[PDB]
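Inspection log for the structure reproduced underneath, given as C-alpha cells.
2 protein chains.
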Amino acid sequence: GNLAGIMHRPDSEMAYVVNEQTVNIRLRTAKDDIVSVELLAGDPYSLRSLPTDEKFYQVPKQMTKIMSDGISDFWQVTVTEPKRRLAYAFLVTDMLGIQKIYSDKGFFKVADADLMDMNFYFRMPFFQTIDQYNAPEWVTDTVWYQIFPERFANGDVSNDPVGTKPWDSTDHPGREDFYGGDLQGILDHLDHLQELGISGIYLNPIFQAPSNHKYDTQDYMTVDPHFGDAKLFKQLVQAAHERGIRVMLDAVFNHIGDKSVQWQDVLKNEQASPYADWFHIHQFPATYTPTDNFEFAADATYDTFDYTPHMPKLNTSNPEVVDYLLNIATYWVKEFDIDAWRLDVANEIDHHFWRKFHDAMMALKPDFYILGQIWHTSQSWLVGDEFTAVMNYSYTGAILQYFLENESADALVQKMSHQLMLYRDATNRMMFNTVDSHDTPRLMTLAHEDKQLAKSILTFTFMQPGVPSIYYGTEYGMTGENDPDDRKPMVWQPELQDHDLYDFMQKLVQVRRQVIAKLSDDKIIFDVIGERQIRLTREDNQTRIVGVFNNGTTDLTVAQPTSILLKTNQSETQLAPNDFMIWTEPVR
Amino acid sequence: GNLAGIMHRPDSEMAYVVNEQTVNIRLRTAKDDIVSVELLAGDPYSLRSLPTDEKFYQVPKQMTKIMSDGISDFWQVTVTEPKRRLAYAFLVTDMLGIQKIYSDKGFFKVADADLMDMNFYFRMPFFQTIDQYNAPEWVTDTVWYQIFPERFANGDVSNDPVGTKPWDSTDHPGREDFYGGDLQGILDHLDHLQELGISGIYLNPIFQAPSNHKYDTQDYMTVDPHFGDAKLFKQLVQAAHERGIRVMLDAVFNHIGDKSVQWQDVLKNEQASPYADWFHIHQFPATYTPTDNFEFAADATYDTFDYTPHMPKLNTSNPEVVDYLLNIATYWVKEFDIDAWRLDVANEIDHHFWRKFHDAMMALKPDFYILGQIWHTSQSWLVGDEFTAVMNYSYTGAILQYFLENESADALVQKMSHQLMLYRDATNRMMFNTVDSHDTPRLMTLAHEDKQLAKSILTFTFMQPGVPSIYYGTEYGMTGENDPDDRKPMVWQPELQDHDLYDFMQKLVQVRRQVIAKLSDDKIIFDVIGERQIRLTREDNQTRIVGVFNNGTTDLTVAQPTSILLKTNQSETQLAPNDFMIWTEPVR
Ligand SMILES: C[C@H]1O[C@H](O[C@H]2[C@H](O)[C@@H](O)[C@@H](O[C@H]3[C@H](O)[C@@H](O)[C@@H](O)O[C@@H]3CO)O[C@@H]2CO)[C@H](O)[C@@H](O)[C@@H]1N[C@H]1C=C(CO)[C@@H](O)[C@H](O)[C@H]1O
Ligand SMILES: C[C@H]1O[C@H](O[C@H]2[C@H](O)[C@@H](O)[C@@H](O[C@H]3[C@H](O)[C@@H](O)[C@@H](O)O[C@@H]3CO)O[C@@H]2CO)[C@H](O)[C@@H](O)[C@@H]1N[C@H]1C=C(CO)[C@@H](O)[C@H](O)[C@H]1O
Ligand SMILES: [Ca+2]
Ligand SMILES: [Ca+2]
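In order, the protein sequence lines correspond to chains W and Y.
Going by this note's numbering, the first sequence opens with residue 72, and the numbers climb by one from there.
Going by this note's numbering, the second sequence opens with residue 72, and the numbers climb by one from there.
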C-alpha cells in the first residue's frame, strides 16, 4: 500500500474526547488505496495488569470510510472506555490484501507487533473533559442576519452625520458616504426580521469611530453617537431577545483607530506616552508619509492593519492591553446580555490572548458563541480552548466556485470533504456560512441577476452542516460589487423589492429551522449522480432529507417524491438546468 | 507524484516562530518521490497593497531535504519577514519532472494558481513571540545524574527506617526493602559527582511517603523524615549550586498516596469529605477488594494509577486541586531555588493544568526546565506553553534495540529521523536521554555484561541532540533487572567498582561538555556506511565532530584521523566489531 499517505496525529481532530467516557478517532489513508481499517484499542494498563486471558487487541473495532477529498480517504470510529484511558493502533489492509499494523512506533507485520507493550500504541492517556471542545446547542437552531448598521434603516434623523445623503438603495455608495442608518432603525424593523424567520442578528461595529464602517475604533466603551446610546442598545437587545433573536457584536481588537485617545497620546508624547507599548512602534516619533490613497502608506514606523496608517496594531502581548480588551469584552456581555462575539482579523492576535478571552467569556456565559473571522484553515483556533467556530469562507467559496464557474461536481465534493475533515465533528456544525458580506460582492451580482442560480446557491448552502447567515437585503435581491458597492442603503420601497425571492427565502429558512435543524445527530452524504448533478442527503435514525441539484445543461428526471418540501420547477419529476428539488422520506 | 504523501500542517512543528522576525517551515513528502521543493512566501498584504510590480511569489526560496524516516522525506527552510506576516505555498517537483503548487487550497498547476489572492496561501498570520517555544540555554551544557535517594548513600543512620538492611550493592532488593539512603548521603558524595563531571542532579521523589520509592505521597510540603528536613535540603541545593550542579525534583501530581490526610478524610467522611471532589470516586464509600498483590485490585470504586488501590487519582480539573498543586510547585522553587521539575505520569494530567503550571513556573524563573515523563509521542505538550521536553524513551529505545537486537542501521536512522521531525528544532535539543532508569533494567545487564557494548551505547547516545543523563552507578558498571532489581545500593566498595568504565565515563562526559556542547547552532548527520556501520556527524561553521560505530561482525578500516578524541581500539585506523572512534576536524 501507499504507506506515505497513511497518517494518524494523536491528540488532535483525529483523536478527541466527546464526553466523559467516549472518544472519536480518525485515520487518513491514500484515496482508494486501503480496503479496510480496524481499530485495536483498550485501557493501556489492562494488558500487563489484569489477570484475565482476554486482551483488548483480540477484538478489533471496525472503522468506517466517512469522507474522501480526492487525494486521501478518511476513516472514523467512536470508542467507549470506562477506565477513561486508551491505547490504540490501526489494522490497515490495502487493495492487494497486504495487512499491516500502524501505531505510534510505525508500520509492522501483525506477527512483529509488540501488542503486549502499552508503549507500542498511540495514546489518549486520560479522557479530560476540561480540555475538550464544546458546542453551544442554541447555535444549531439559528439562522443569522447580518446588518451593516449605517445602511439598514435610519430610525432617527436627529443623530445623522453631517452630509448625510437621501436614502436610496439604487445609489452606488462612495467610500466616505453617510446615509444615517442607526440602532433605532434596527429596532423599527425587528418585525421584518421575525417575519423572515431570523433568529440571530450579527452587527458590524457599533462603537464610536469616525468612519461609516467603524473598524477604526475611537472608543470601545461607547455606542457611536450617530447610532445611539447605551439605553437604546439595551432596549434593542431586550426587544431582540423578546422575539427569540440572539445578538452578536463585532470585536475589532487587532487594531485601534488613530483618533483614539491612546494613539493620540502616542503622537503627543512619543515613547514617554503611557500607551507607547500598547502598540508596535519601530521608530519614534510614530509617523508615515501620506499618499493620495487614504488607506495606504508605504513607510509607517509602526505596524498596522494591512498598510493603512489609520489602524495601528495593538500589542495584545502587553498585560495592560490584555486587561483593557478583556474589560471591554466583559462589559458588553455583562451589562447588555449579548450572546456572541465576532472577532475581526482574529488570526493576527495571539493564542495566549484568545485563551484568556475564551476563559472570561465562558465564565460569564457557559453557552457563549465565539466566532473568529479567518479566511484560511483555522485548526489551531478550534481545539476547544479559543473560538467556537470561524467564518467559513473556504467552504462557501467552494460552493460559489461550483455554481458560478463550471467546476465538476466531483471537485466541489472533494473540497467540502477536505474542509469537514479538518475539524472536529461538533466544530463543523458551528461554522458560520455566508455567501456574501460587507467585504465581498453581493450574491445577486455574482449570479449576474440570475435569480434561479441565486436560489440554488442559497439552498445548497442552507443544507450544509454549518449555521447559515443572510446578509441584509439578500432577501429582496439587492445588487452590489465589492466594498463600498456591497453596502447600499437597504431597499424598503416595495416597487424595488423582489417579492418572489422574499417568499422563497421565508420558505427556505423554514426548511432549515423546522426540518433540517430538528434531525437528531444526523449525517451528511454527498453523491455525485451526474455531470454537474449532486444529491445531498441529511439523515438521522428516522428521517432522510434529500436535495437534488441539476446544474448541467440537460434536463434531469427523478422519481416522484411523496413529500416535496421545496422545488423550483412546476414538475414533480423534471429538473431543468439550475433547478433543484428538496424532499423528505422515512428511512427503511 | 505521490500527492497523498505530501502534507503541510500550518501553525505546528511544520510552521513556527523562532524569533521576532524569523520562522521555520517544513514540508512532508513521500520518500524519494519529490526531487525539489521551493517556497513562495511573503507578506500576504503586499500582493494587493504595494504599488510595485514585484510580487513575493516571483522569487522562490529553495527548501532543503533535511531528514528521511524511510516512509517520508522532510524538507525545511528558514524565512525572515520584517512585516511579521507570512503567506506561503510550496512548489513541488516529482521524479518525472511534474511540478505543482501546493497551498492551503490544495494542489494546482502553476498556471491555474491564484497567486495574487492572499487567501490562496497557507498563513503565519502575525509572528507572535508570546506563543513561541523557548529553550533554556543552560540545559545545553548539562549532563544529568539520576539519584534514587533510598539507594545512593546512607549519610545518617539515625533517620533509618525500621528494618533497614546492611548496605550491600550485591543484594537483590525486594519491593519493600530499606537500605537507609538519605539526603546527607548525597551531600557527602557531591565530590564524586563533580569529579565525574556531572552538572545536574535528578532526584526521584523525596517528599513524605511510606514506601521506599515515595511515589505514594503522604505530604508534598515536607521532606520525608527518613531522608532529611527542610534545612538539610536547602543545604544540599546550595552545595550543588556552589559546584555548578543544577537540581531537578520529581513532581508526582497525577495521584496521591492513600495515607494522605486528604484520602484518609475521604475514607472517614465519604462524600461529605471536603476532599471528595479532589478525586475520581464513582461510588461511595470508596472501596476495593484486596488481592494477594499489594499493587492490584480489580474493582476499586475510584480511578487510580494503573490498578493500584493505594494511588487514587487526583482531580486536577478541580480548582482547589489546581491551587493546592500550584502552591506545592511554587514552594519548592521559591524557597529552595530548585532548577527544574520532572513530571511523573504527566500525560494523564490535563493540558489546562499544565498551562497554568507553565505560567507559574516561568513567572518565578524564566529559564525553568519542565520535563514530562511520557513514553509515547508528545507533540501536544511541546508547543511552548506546557513542557520544555519529555523523557526521550522512544529515541533511546530505538538506540537500545539497534545495539542489542541486530536491527539494520537503516532502521535505527529511520526511527531517530522520525523522532526529530515530530518536534521543533529547539525542542529536540531539550529532550532528556537516558538508557536506563529506576523503572527499567540496567545498561550493563541489558548488555549481558559486555562492557564494550555498554560503552558503545553510551557514546552513541551522548552524541545525540538531546541532553544526556547517567543513572546512579552506571559509571561503575552496576547490574540489575527490572524494578526492584534496578535499585541496588550504590557500589562504594572499590573492589566491586569497574574503574576502567569510570575513567571512560569521565572522558565521555568531557567530550560532551567541552566539545559537542560548544558547537554553535550545529547540525547532525546520520550516514549508514555499511551493514551495521554508522557515521554520526555534529558540525557547525568551523568544526566537525565525527563518530564511526562498527557494530557488524567484520573489521572496518577508516582513514587515520589527525585528532582522535575517544576510541576503544588501540589502532588509529582499525575498528573491530563493536569498536567506535570519535574525532574532530576543521570544515573545509
Ligand atoms: C480599512 C478597511 O477597514 C474595514 O475593513 C475590515 C473588514 O470589513 C473586516 O471584515 C476585516 O476584513 C479583513 C480581514 O480580517 C483580513 O484577514 C483580510 O482578509 O482583509 C479583510 C479586509 O479586506 O478587517 C478589516 C479591517 O478591520 C472596512 O470595512 C473597509 O471598508 C476598509 N477599507 C478596505 C476596503 C476597500 C474600500 O475602502 C478597499 O478599497 C480599501 O483599500 C481598503 O482600505
Ligand atoms: C506503583 C509503582 O509506583 C512507582 O512507579 C512510578 C514510576 O517509578 C514512575 O517512573 C512512573 O512510571 C509509570 C509511567 O508514568 C506510566 O506512564 C507507565 O509507563 O507505567 C510507569 C510505571 O511502570 O509512575 C509510577 C507511579 O508513580 C514505583 O517506582 C514502582 O516501584 C511501583 N511499582 C510498580 C513497579 C513494579 C515493582 O513494584 C511492579 O512489579 C508493580 O506491580 C508495580 O506496582
Ligand atoms: Ca440616523
Ligand atoms: Ca539514613
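All C-beta atoms in this analysis are idealised placements derived from N, C-alpha and C, irrespective of residue type, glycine included.
Assigned exposure category for residue 545 of chain Y - 16 Cβ within 10 Å defines buried:
So residue 545 of chain Y ends up on the buried side.
Whole angstroms are fine: how far does the CA of residue 170 of chain Y sit from the CA of residue 131 of chain Y?
Residue 131 of chain Y and residue 170 of chain Y have their C-alpha atoms spaced approximately 14 Å apart.
Alpha carbon to alpha carbon, what distance is there between residue 291 of chain Y and residue 231 of chain Y?
Those two C-alpha atoms are separated by around 20 Å.
Tell me which residues of the stretch 72-83 of chain Y have at least one Cβ-Cβ distance to chain W shorter than 8 Å, keeping chain order.
Within the stretch 72-83 of chain Y, the residues whose Cβ lies closer than 8 Å to some Cβ of chain W are 73, 74, 75, 76, 78, 80, 81, 82, 83, listed in chain order.
Quick one: Cα of residue 552 of chain Y to Cα of residue 197 of chain W, how far?
30 Å
Which residues share a DSSP beta bridge with residue 460 of chain W?
W:442
Applying the criterion that 16 or more other CB atoms from any shown protein chain within 10 Å of the CB defines a buried residue, is residue 167 of chain W buried or exposed?
exposed
Thinking just about the alpha-carbon of each residue, which of W:587, W:530, W:141 is nearest to the one in residue 660 of chain W?
Look at the range of chain W in this structure, 72 to 659, and you will see that residue 660 of chain W is not part of it.
What are the start and end residues of the alpha helix (DSSP H) that includes residue 334 of chain W?
332-340
What would DSSP say about residue 157 of chain Y, mapped onto helix, strand or coil?
strand
What are the partner residues of residue 596 of chain Y, as DSSP defines its beta bridges?
Answer by DSSP bridge pairing, in chain order: Y:608.
Would you report the Cα separation of residue 172 of chain W and residue 74 of chain W, rounded to the nearest angstrom?
11 Å
When DSSP labels each residue in this structure, what does residue 565 of chain W get in the three-state scheme?
helix
Straight-line Cα distance separating residue 337 of chain W from residue 346 of chain W
Cα to Cα, residue 346 of chain W sits roughly 6 Å from residue 337 of chain W.
Element boundaries [beta strand (DSSP E), containing residue 109 of chain W]:
105-113
Per DSSP, what kind of secondary structure is residue 620 of chain W in: helix, strand or coil?
strand
Thinking residue 61 of chain Y and residue 134 of chain Y are a contact (beta carbons under 8 Å), I'd like their distance in whole angstroms, please.
Nothing about residue 61 of chain Y can be reported from this structure: the residues present for chain Y run from 72 to 659 only.
Member of Y:485, Y:178, Y:195, Y:180 whose CA lies at the smallest distance from the CA of residue 156 of chain Y
Y:195
Host beta strand (DSSP E) of residue 95 of chain W (start-end):
93-101
What is the residue span of the beta strand (DSSP E) that residue 347 of chain Y lies within?
No beta strand (DSSP E) contains residue 347 of chain Y, which DSSP labels as neither H nor E.
Please state the DSSP three-state secondary structure of residue 326 of chain W.
strand
Distance, residue 153 of chain W Cα to residue 391 of chain W Cα
Each residue's Cα considered, the two are about 45 Å apart.
The beta strand (DSSP E) spanning residue 142 of chain Y covers which residue range?
Segment: none, residue 142 of chain Y is in no beta strand (DSSP E) and carries neither H nor E.
Quick one: which chain Y residues come within Cβ less than 9 Å of residue 660 of chain W?
Because chain W is modelled from 72 through 659, residue 660 of chain W falls outside the range shown and cannot be assessed.
Please determine if the stretch 267-282 of chain W and the stretch 209-225 of chain W are in contact, where contact requires at least 3 C-beta pairs separated by less than 8 Å.
yes
Give, in chain order, every residue of the stretch 190-220 of chain W whose Cβ lies closer than 8 Å to some Cβ of chain Y.
Taking 8 Å as the Cβ-Cβ cut-off against chain Y, the residues of the stretch 190-220 of chain W that qualify are 190, 192, 193, 194, 196, 197, 199, 200, 201, 202.
Among W:442, W:89, W:490, whose alpha-carbon lies nearest the alpha-carbon of residue 415 of chain W?
If we check each option's Cα against that of residue 415 of chain W, W:442 comes out closest.
Contact list for residue 142 of chain W against chain Y, beta-carbon separation under 7 Å:
74, 75
Based on Cα-Cα distance, which residue from W:404, W:485, W:594, W:317 lies nearest to residue 496 of chain W?
W:594
Residue 128 of chain W in three-state terms, based on DSSP
In this structure, DSSP gives residue 128 of chain W a helical state, which the three-state scheme calls helix.
What do you reckon, is the C-beta of residue 379 of chain W under 7 Å from a heavy atom of ligand 5?
Looking for ligand 5 in the displayed structure turns up nothing; the ligands present are ligand 1, ligand 2, ligand 3 and ligand 4.
Would a C-beta distance cut-off of 8 Å place residue 382 of chain W and residue 299 of chain W closer than the cut-off?
no
Taking 7 Å as the cut-off, does the CB of residue 251 of chain Y come closer than this to any heavy atom belonging to ligand 4?
yes
Shortest alpha-carbon distance to residue 72 of chain W belongs to which of W:151, W:179, W:137, W:115?
W:179
When every heavy atom of ligand 3 is checked, does at least one fall within less than 7 Å of the C-beta of residue 295 of chain W?
no
Could you tell me the distance, in whole angstroms, from the CA atom of residue 616 of chain Y to the CA atom of residue 174 of chain W?
35 Å
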